[PDB]
Amino acid sequence: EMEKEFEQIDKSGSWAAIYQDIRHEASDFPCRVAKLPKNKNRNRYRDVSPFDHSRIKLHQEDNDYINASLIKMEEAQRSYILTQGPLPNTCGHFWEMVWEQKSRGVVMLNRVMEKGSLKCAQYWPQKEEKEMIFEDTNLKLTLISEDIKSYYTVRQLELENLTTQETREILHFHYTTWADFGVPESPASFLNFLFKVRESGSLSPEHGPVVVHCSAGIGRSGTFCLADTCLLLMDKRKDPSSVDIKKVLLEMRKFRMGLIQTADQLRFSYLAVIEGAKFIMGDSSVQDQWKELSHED
């Protein structure tokens, strides 16, 4: 039981040792494309790169590189694209990826400005009447509407391929109070947000993989994906005891390095999965309780 092990780790005060064990066991695969000289200005962080085997390729002749990884969870049958916060020169690439991969939702777990520094380009329009055109990838992006809550904002965007005039609705789920190298305010607040993404249809198999990013796309992004996958696995046979969280994280780390950046994020991941199990195991009313506890307005 993840709960029985959670209590053991807490009593031992061994979250740091557990977390370092995962670091030591994690997969190591080449990132040769990411390290090519011509891609240096496409990477936000020197030490966060996509593995070659799992990287998303842009469908263009010139340079197909974007710092983005396809995390394909075979047993859970869910996929995610994890990517860095777009740079000023990679916003067109970012939306090209969204188009080519047929994603329906973008989950953003950071703010543009965090700890007095710019963590992410302003890659979507903040005003309906000021749309964005990405000339390098021939895409147009319009803000359609916005639903602002206390700690998160949901936006409806229209993405248009200008070459064909095809248009798609993109949902943007923006968690605005989650500090880098931090944890959410509560399991309830995090799960309320996760179930909002789930409820929108953005995670469903008829769409492309959801795009998840923070600044580097590994820490907060890893926490989000790990909790979601763990809850989905539990859902499939109604068996909380069959879910080994550490092994799920290690499986995810076969597809992108560094997922979950602190021991307390790992610890939080356990808390979120343990609490979310109440919903999975038949207590539907807990979802309402999360929404109230989250004080979203």
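All residue numbers here begin at 1 and follow the chain in the order shown.
Per the header: X-ray crystallography, 2.1 Å.
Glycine is treated like the rest: Cβ placed from N, Cα and C.
The annotation in Swiss-Prot ties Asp180, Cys214, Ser215, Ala216, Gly217, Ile218, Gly219, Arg220 to substrate, and of the candidates under consideration, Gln126, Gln156, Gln261, the one tied to the same site is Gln261. In Swiss-Prot, the feature phosphoserine is assigned, of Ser49, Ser186, to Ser49; the remaining candidates carry no such note in the record. When the residues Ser54, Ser241 are compared with Swiss-Prot, the one annotated as phosphoserine is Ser241.
Residues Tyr19, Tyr175 are shown; Swiss-Prot lists phosphotyrosine for one of them, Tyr19. Looking up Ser202, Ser242 in Swiss-Prot shows the phosphoserine annotation sitting on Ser242. According to Swiss-Prot, of the candidate residues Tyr65, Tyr123, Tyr152, the site noted as phosphotyrosine is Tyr65.
When the binding-site residues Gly217, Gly219 are scored by other C-beta atoms within 10 Å, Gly217 scores highest. The subset of recorded positions (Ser49, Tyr65, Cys214) lying with their Cα within 10 Å of the Cα of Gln261 (substrate binding site) is empty, i.e. none. Taking only the Cα positions, the spacing between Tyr19 (phosphotyrosine) and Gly217 (substrate binding site) is 18 angstrom. The substrate site is defined by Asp180, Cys214, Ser215, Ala216, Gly217, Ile218, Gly219, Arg220, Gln261, and by the 8 Å test on Cβ atoms against their centroid, the other residues of the chain that qualify are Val48, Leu109, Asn110, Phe181, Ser221, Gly222. When the alpha carbons of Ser241 (phosphoserine) and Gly219 (substrate binding site) are compared, the span between them is 25 angstrom.
If you check the recorded positions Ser49, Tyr65, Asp180, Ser242 against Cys214 (active site, phosphocysteine intermediate), the ones with a Cα inside 10 Å of its Cα are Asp180.
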